[PDB]
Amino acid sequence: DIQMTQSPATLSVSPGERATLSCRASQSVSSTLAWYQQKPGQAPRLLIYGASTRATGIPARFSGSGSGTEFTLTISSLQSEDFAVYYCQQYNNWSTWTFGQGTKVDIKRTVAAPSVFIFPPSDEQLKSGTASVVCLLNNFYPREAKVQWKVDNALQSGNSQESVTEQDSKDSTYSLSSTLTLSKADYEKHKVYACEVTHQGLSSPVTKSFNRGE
């Protein structure tokens, strides 16, 4: 198959600036590429097909280019309804149609470090037999962030799920939560519970921790 990879992961552009989005193919695809737009909660919408042709009914500020393996989507004069995720799909005719991972377009704003709080599982939930350890990252920028659970200095993986809010409509910040789920028997075997937060606004990894029963 033909792997499609995009860059960057996410970006930040003020209204009026020029957004630049790239798309790479693992092997040549001639010129049968298509760019899409998926606003939150809406079905995807076609913008460019054939690498460069603009779909009828689409503002002329969008434009596509490239040939072979590398392609580019340019949004001249970014607008406030242009915030979504943009993919690139290839459709060579006797081939598996492949898809990129996408790129998120946001409001430009200054880098802000996240506020880290750690919540111990309540005594009402421990009576049920499950312990949910929640780690909070409040209002940060950019979106990219790495959370690492540590239970007695043992890096935990596979027992945690994360959820992110959309870019806040007033300060353009993100809020992320990570829930460490363990059984009450597994929870009472350890003492130190911590989550390590690394971020662009943080000079060094920030760790908030609590001790079980304190």
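Note that residue numbering begins at 1 and tracks the sequence as displayed.
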query: Got a sec? Mean C-alpha B-factor, which is higher, 110-118 or 93-101?
result: 110-118
Given 148-156 and 39-47, the range whose Cα B-factors average higher in the PDB entry: 148-156
- prompt: Highest CA temperature factor in the entry: which of 21, 206, 11, 25?
  reply: 206
query: In terms of the CA temperature factor given in the entry, to which third of its chain does residue 72 belong: lowest, middle or highest?
result: lowest
- prompt: Lowest, middle or highest third: where is residue 30 by C-alpha B factor in its chain?
  reply: middle
Modelled-residue ranking by C-alpha temperature factor, third containing residue 54: lowest
message: Which third, lowest, middle or highest, does the C-alpha temperature factor of residue 88 belong to within its own chain?
response: lowest
field: residue 165, C-alpha B-factor rank within chain (lowest, middle or highest third)
entry: middle
